[PDB]
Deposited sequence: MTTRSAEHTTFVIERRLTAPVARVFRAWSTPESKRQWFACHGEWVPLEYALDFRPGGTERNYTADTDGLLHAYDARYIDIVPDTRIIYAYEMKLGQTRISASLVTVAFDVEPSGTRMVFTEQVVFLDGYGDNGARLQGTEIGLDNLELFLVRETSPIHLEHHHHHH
């Protein structure tokens, strides 16, 4: 059928009302990341937060289809930046690959976070803005997670 690739980039910017060390721990700590990112529950979740390390989040939807997120960290600067690449498969079908940059900056009060994703959608997978929308929601969950551990 359609073997094809569609590329796009999106950027999300948030001011977080938490100190950067706490914000970063929400990304680097397996229990924390599983909570705000993966539970909103996975069949498999693992996080090895090191350059070269991997993250997995495998979850089945209500009708049995396995959604498999696999990431590999490329660059981690403590309390400053996280760069990783990830792929999403549904069943055995790869639907996308992305390079993600998350940058953190101290402000006189909170933390500014800029999330940039450079993604390719594969073989006619119909994104139609859903990845951006889902990431906005995911980042809303990170914010609630930070608020509730205050």
| item | value |
| --- | --- |
| Gaps in the model (deposited sequence, numbered from 1) | 1, 42 to 44, 155 to 166 |
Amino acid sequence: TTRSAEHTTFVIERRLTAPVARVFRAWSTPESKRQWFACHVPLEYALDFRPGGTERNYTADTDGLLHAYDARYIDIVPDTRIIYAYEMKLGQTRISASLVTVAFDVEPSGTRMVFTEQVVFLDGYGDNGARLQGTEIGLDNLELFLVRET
From here on, numbers count along this sequence of modelled residues.
item	value
Stretch with the greater mean C-alpha B-factor as recorded in the entry, comparing 122 to 130 against 135 to 143	122 to 130
61 to 69 versus 28 to 36 - which carries the larger mean C-alpha B factor in the record	61 to 69
Selection from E87, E117, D48, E107 [criterion: highest C-alpha temperature factor in the record]	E107
Where the record places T101 (Cα B-factor, split into thirds across the chain)	lowest
